[PDB]
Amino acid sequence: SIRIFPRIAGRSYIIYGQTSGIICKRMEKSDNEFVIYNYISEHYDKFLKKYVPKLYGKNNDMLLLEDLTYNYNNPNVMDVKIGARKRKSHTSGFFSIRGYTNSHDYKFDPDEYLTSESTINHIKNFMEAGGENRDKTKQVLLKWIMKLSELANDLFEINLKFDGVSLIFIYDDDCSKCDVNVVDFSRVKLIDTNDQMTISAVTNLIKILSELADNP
């Protein structure tokens, strides 16, 4: 009947859809996540199409979402919180890594505040599954940089406060495919300006990833 989806982070009930390519995410406390998907669709439809999993529909309290891991033979996933946290400061100052595929092997702890060096080391840990072909892993980094650059550029024109939103980074072990998308609109709010904190998270990630793609 019910297959639990292998979540990297967060607390919401998420299960595989009864059909291929879909996950079902329960809206726990309010339907705010649905209201915000609908609002972005009406006001910023190009943003939704480029950066966000497709919302196929709703069943009671369940969102039917595009499974971002579906087209991958061996997906590696990292959840980075880029929007404001509820109370805490970010573990990496401008963002918080929330989890990644195989993080347990590296003694990753989502409660641990990280130096710049430890932050970089966890991102390198996440990239270890991608293997020793430095050319192929560099290309994954560059394609993430391309899309995050455009996202940061685009965010200047969006009047939302992206509280609690995460970037879901995905690459295949063979490094033949990768993407990054924005998820988790449960705490997002309308405002009258752009979200500078969320833009700062994205530019900081671009800086770090650019250093990784350039290191010899």
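All residue numbers are counted from 1 along the displayed sequence.
Remark: stretch with higher mean C-alpha B factor among 20 to 28 and 6 to 14 is 6 to 14. Annotation for 184 to 192 versus 62 to 70: the higher mean temperature factor (C-alpha) is found in 184 to 192.
Among 98, 143, 90, 124, the highest C-alpha B-factor in the deposited entry belongs to 90. The top Cα temperature factor in the record, among 150, 179, 33, 173, falls on 173. Ranked within its chain, residue 46 lands in the highest third, by CA B factor from the PDB record.
Sorting the modelled residues of the chain by their CA temperature factor places residue 78 in the lowest third. Residue 103: CA B factor lies in the middle third for its chain, per the PDB record. When the modelled residues of the chain are ordered by their C-alpha B factor, residue 119 lands in the middle third.
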